[PDB]
There are 2 protein chains.
Amino acid sequence: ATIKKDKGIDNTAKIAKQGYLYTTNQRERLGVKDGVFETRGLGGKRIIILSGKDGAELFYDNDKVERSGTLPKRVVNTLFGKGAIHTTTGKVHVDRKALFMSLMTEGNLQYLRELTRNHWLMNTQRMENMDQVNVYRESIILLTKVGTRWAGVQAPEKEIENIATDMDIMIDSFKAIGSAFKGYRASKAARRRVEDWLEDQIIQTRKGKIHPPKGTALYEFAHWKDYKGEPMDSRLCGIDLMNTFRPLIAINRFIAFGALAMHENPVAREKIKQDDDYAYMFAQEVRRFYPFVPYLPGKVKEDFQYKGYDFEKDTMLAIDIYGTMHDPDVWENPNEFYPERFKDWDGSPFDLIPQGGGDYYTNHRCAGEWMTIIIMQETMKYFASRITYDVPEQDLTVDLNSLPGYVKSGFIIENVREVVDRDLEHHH
Amino acid sequence: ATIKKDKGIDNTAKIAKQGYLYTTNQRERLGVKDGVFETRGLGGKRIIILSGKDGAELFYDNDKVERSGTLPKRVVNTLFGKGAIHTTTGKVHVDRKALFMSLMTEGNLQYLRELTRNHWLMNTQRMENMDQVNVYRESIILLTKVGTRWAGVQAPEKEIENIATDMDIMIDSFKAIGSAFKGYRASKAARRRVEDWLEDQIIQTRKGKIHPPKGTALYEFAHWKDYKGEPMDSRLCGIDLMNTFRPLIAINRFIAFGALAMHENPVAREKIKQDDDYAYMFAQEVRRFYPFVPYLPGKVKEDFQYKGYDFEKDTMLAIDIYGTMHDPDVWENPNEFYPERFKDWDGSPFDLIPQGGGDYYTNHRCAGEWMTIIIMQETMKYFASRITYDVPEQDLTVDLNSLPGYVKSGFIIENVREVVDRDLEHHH
Ligand code: HEM
Ligand code: HEM
Ligand SMILES: CCCCCCCCCCCCCCCCCCCC(=O)O
Ligand SMILES: CCCCCCCCCCCCCCCCCCCC(=O)O
């Protein structure tokens with residue numbers, strides 16, 4: 001056939017202005033029904049947007065799609081860092097992706113679970129004594145302590161908020177989807193400050209001056225050698241060591257979304273309390289329902305055909321992350337928050353894709369998915385059952401046209417109080 | 001018969017100089033074998049020292065023994081505070097003892113267990129970053145945070161060590177067993193500072209200005225009324241509210257003893273790791289084996305006879321706490337540290353008496369025994385299995401002739417490192 005087209009020499013600024021609704025706005029407008037359409041952006045480039053489970057499966061087929069060299073360069077410069085694993089391909093990628101996955105052991109993840117639970121439990125008194133708590137800001141300080149500890153890197157108390165704020169600026173910086181913007185240079189400065197500190201950690205580890213525990217990211221990254229037997233240079237080593245816990249800190253976006261989901265859906269709170277499996281499904285439904293990753297780029301590796309369309313080598317592609325996750329043919333009632341839908345989920349690698357799809361070892365899928373689910377499950381259990389609080393009057397708006405997805409207020413709470421059954425006697 | 005006697009117009013200074021060994025030194029010397037002997041102290045007063053399970057049972061018989069008015073008045077002034085529950089008798093005592101026991105709910109004790117576990121888990125990084133850690137000092141700061149939280153009283157971070165040090169001075173002050181001493185006035189000042197702060201907590205609770213959680217000591221004590229319908233005056237209320245968590249902080253003495261027991265007995269460490277029930281028995285054996293309470297005073301309520309001796313009304317008595325617990329006819333091999341001995345223990349109220357014997361509700365037995373066992377069990381599990389450390393060269397001496405029992409160094413440790421199995425994969 002002939003791919004339907006959003007016309008224009010370059011629709012980059014229209015894509016940015018419409019945000020997470022851009023792709024579905026065009027599909028509805030043009031009546032496309034096989035989840036393929038075309039547009040132009042990033043300086044007049046032809047871009048084919050894929051959606052749906054079959055779109056996702058095609059996008060993660062290493063015979064059809066090539067990933068390297070498709071990320072806009074200002075996004076690399078602020079989100080991932082130059083030379084980062086996201087920018088690698090072929091043998092080099094599978095080699096280094098193996099390093100990242102070797103941190104995802106059952107024992108390291110259980111450590112991560114305990115760190116998250118104890119940091120929340122210990123943060124209760126501090127939250128009780130504040131007048132108001134911005135969950136999005138509070139999460140990000142808490143997660144910075146958890147993630148620095150989990151990675152084996154040193155962050156004394158007086159650096160924590162510095163590091164948090166710098167983390168917050170880097171995660172936010174994908175909003176320009178390749179453009180320079182107000183904050184581009186502030187984001188590069190935050191990246192460099194943190195990169196410097198992690199490169200120094202690496203160099204002190206290699207020189208025997210500090211001793212991170214075996215099995216932590218800092219230890220393993222410092223002492224790793226690639227398949228040619230070479231270690232990563234100290235600067236690239238710090239860059240990829242940061243890709244180990246900057247995204248961890250970014251879970252604060254989902255935590256704010258989860259607190260809002262519980263507020264908009266009071267039944268979900270009582271049910272998180274009563275059942276750990278609902279807490280898991282609640283966290284999965286937060287990652288499906290709320291906006292974070294809009295789409296991801298790649299390009300055609302060699303010519304192929306798909307649903308009757310011809311795909312030409314080096315034509316730019318994009319997998320629609322948000323749109324696939326709100327496609328009614330993929331998720332019934334896609335704009336209702338309904339965690340129980342995961343009772344019926346078959347665990348496909350191609351429909352729950354908020355952090356990528358495909359295969360962790362041979363695709364570019366998020367290495368931290370399991371870590372993300374563990375942290376969200378712990379945090380939501382905490383908020384549902386360990387504390388009670390008031391949600392004051394505030395702007396809880398989530399503007400789907402603005403990247404990135406945020407609760408406008410950051411979700412404020414007040415009158416936090418720990419939940420302790422002190423009159424439970426053994427007669428009860 | 002005729003009670004054997006340590007002769008002297010007054011042997012107070014000899015009792016003090018010999019410490020936890022005084023009673024057994026005299027029994028061996030005089031060949032007593034029914035655990036009764038006599039001496040003079042506290043200004044020429046006749047004192048009959050009882051020991052053994054039958055000594056303990058007699059001492060806690062409310063028909064034979066009267067407790068009120070027997071504690072030396074400088075000990076009341078520094079340890080317990082004037083008007084304290086320890087100084088009450090009859091209906092007034094059973095009434096107020098019921099208040100204290102109503103805090104010992106299964107739900108409040110599980111709260112206490114969680115507080116202890118999470119505070120230790122969170123303290124690991126701080127200990128890892130110190131060069132050396134004095135376990136006795138570190139415990140006492142940690143326990144101050146736990147006990148203030150558990151009691152529902154406010155202690156901001158910058159008061160914690162102030163409060164700790166003041167707690168430490170008050171617990172230490174029973175060493176003069178009635179005498180004025182170097183530090184008497186320093187101990188009264190620490191008592192008054194803490195009493196003032198707790199009386200203010202009480203008054204702000206009654207006036208509705210602060211809102212402690214229902215079921216905490218602060219809430220229950222503030223709002224309690226006695227059997228005549230009267231609440232405690234605010235100053236006495238603070239005094240007895242302090243008897244709710246100053247002794248909790250005093251568990252730091254046992255914690256230091258427990259760390260030393262693990263060091264002197266390496267097998268006990270591996271066994272605490274492998275089994276929660278050994279951890280319980282280890283904590284019980286620390287309370288039996290190491291010196292803390294030497295003996296407690298009372299007096300004869302009405303005339304009676306016991307093992308052939310005549311007991312005259314108002315004759316002063318003392319139950320030998322340390323000596324009963326190291327009597328070979330009560331504990332086989334009483335000076336070997338052997339936790340497994342509690343496999344054979346029948347739970348008698350009269351032989352494991354490191355915090356009193358008899359009945360919690362109608363005797364003056366420690367209201368915080370269960371709390372003490374919970375804290376010791378959690379703390380010993382932590383030290384045995386969550387961290388590893390070095391024990392440097394130091395004076396680990398426990399001078400049994402000096403009240404109170406201390407590890408001379410406070411038990412120093414270094415090179416603390418959390419224990420995390422990060423290479424545990426699900427194949428293992
Ligand atoms: C919690 C700890 C996390 C870790 C350790 C982590 C780590 C990583 C790494 C190393 C990659 C690159 C892997 C590769 O190139 O093969 C990646 C990719 C990615 N991550 Fe994460 N991440 C975490 C959390 C998150 C969060 C909260 C999000 C939010 C949406 C996220 C979204 C993504 C996306 C969209 C990709 C790209 C997938 C693709 O290119 O196909 N990650 N992550
Ligand atoms: C952990 C929290 C603790 C609490 C809440 C607590 C509380 C109390 C209270 C309220 C009393 C007076 C009860 C009455 O007069 O009827 C008492 C007595 C006593 N406590 Fe504790 N205590 C704790 C820990 C300790 C510790 C570590 C020791 C160390 C040996 C100890 C030793 C004693 C002794 C010897 C008595 C006197 C028993 C008697 O007079 O027959 N307590 N405790
Ligand atoms: C309509 C098609 C437009 C295609 C434009 C290509 C622009 C690519 C945008 C890239 C967005 C990446 C979003 C990743 C945010 C992840 C934050 C934490 C996760 C991590 O750092 O790994
Ligand atoms: C040989 C007979 C001498 C009798 C002398 C009577 C002197 C009485 C000494 C009293 C010692 C009390 C020891 C209590 C220490 C308890 C510390 C924490 C427990 C708490 O505060 O409840």
Side-chain angles (χ1 to χ4, degrees), chain A residues 101-105 107-117 119-126 128-129 145-146 148-157 160 210-220 370 382 386-388 415 417-428, chain B residues 101-105 107-117 119-126 128-129 145-146 148-157 160 210-220 370 382 386-388 415 417-428:
Chain A
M101 288 322 273
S102 82
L103 305 170
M104 293 336 135
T105 68
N108 220 9
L109 298 194
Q110 171 69 32
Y111 192 40
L112 176 63
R113 180 193 327 273
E114 289 165 15
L115 286 173
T116 303
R117 179 192 299 129
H119 266 86
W120 278 121
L121 287 169
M122 283 280 328
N123 211 51
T124 301
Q125 187 154 52
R126 157 173 158 94
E128 282 182 357
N129 289 340
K145 289 177 220 193
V146 162
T148 52
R149 181 57 166 180
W150 179 88
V153 310
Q154 286 150 14
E157 196 51 74
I160 284 324
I210 57 179
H211 300 276
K214 183 208 52 70
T216 65
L218 176 50
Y219 180 97
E220 304 302 321
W370 309 319
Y382 172 75
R386 276 310 280 225
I387 52 171
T388 63
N415 308 321
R417 291 282 255 171
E418 191 158 22
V419 170
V420 189
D421 194 1
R422 294 161 174 106
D423 38 359
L424 170 62
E425 256 161 328
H426 221 82
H427 333 123
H428 302 158
Chain B
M101 288 322 273
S102 82
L103 305 170
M104 293 336 135
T105 68
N108 220 9
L109 298 194
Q110 171 69 32
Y111 192 40
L112 176 63
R113 180 193 327 273
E114 289 165 15
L115 286 173
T116 303
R117 179 192 299 129
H119 266 86
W120 278 121
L121 287 169
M122 283 280 328
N123 211 51
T124 301
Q125 187 154 52
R126 157 173 158 94
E128 282 182 357
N129 289 340
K145 289 177 220 193
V146 162
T148 52
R149 181 57 166 180
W150 179 88
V153 310
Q154 286 150 14
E157 196 51 74
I160 284 324
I210 57 179
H211 300 276
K214 183 208 52 70
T216 65
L218 176 50
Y219 180 97
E220 304 302 321
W370 309 319
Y382 172 75
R386 276 310 280 225
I387 52 171
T388 63
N415 308 321
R417 291 282 255 171
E418 191 158 22
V419 170
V420 189
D421 194 1
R422 294 161 174 106
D423 38 359
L424 170 62
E425 256 161 328
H426 221 82
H427 333 123
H428 302 158

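Chain letters run A, B, ... following the sequence lines, proteins first, then strands; residues in each count from 1.
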Look up atom CG in B:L115 and atom CD in A:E418, then write down how far apart they are to the nearest 0.5 Å.
7.0 Å

If the threshold is 4.0 Å, N to carboxylate O, is there a salt bridge linking A:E114 and B:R386?
yes

I need the minimum non-hydrogen distance between B:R422 and A:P213, along with the two atoms involved.
NH1-CB, 3.2 Å

Could you grab the distance from atom CG of B:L109 to atom NE2 of A:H426, nearest 0.5 Å is fine?
11.5 Å

What I'd like to find out is whether the side chain of A:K145 reaches to under 4.5 Å of the side chain of B:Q125, using heavy atoms alone.
no

Taking side chain as C-beta onward, heavy atoms only, is A:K214 less than 4.5 Å from B:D423?
yes

Kindly indicate whether the side chain of A:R149, heavy atoms from C-beta on, has any atom under 4.5 Å from the side chain of B:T124.
yes

Closest approach of A:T105 and B:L424, non-hydrogen atoms and distance?
CB-O, 3.6 Å

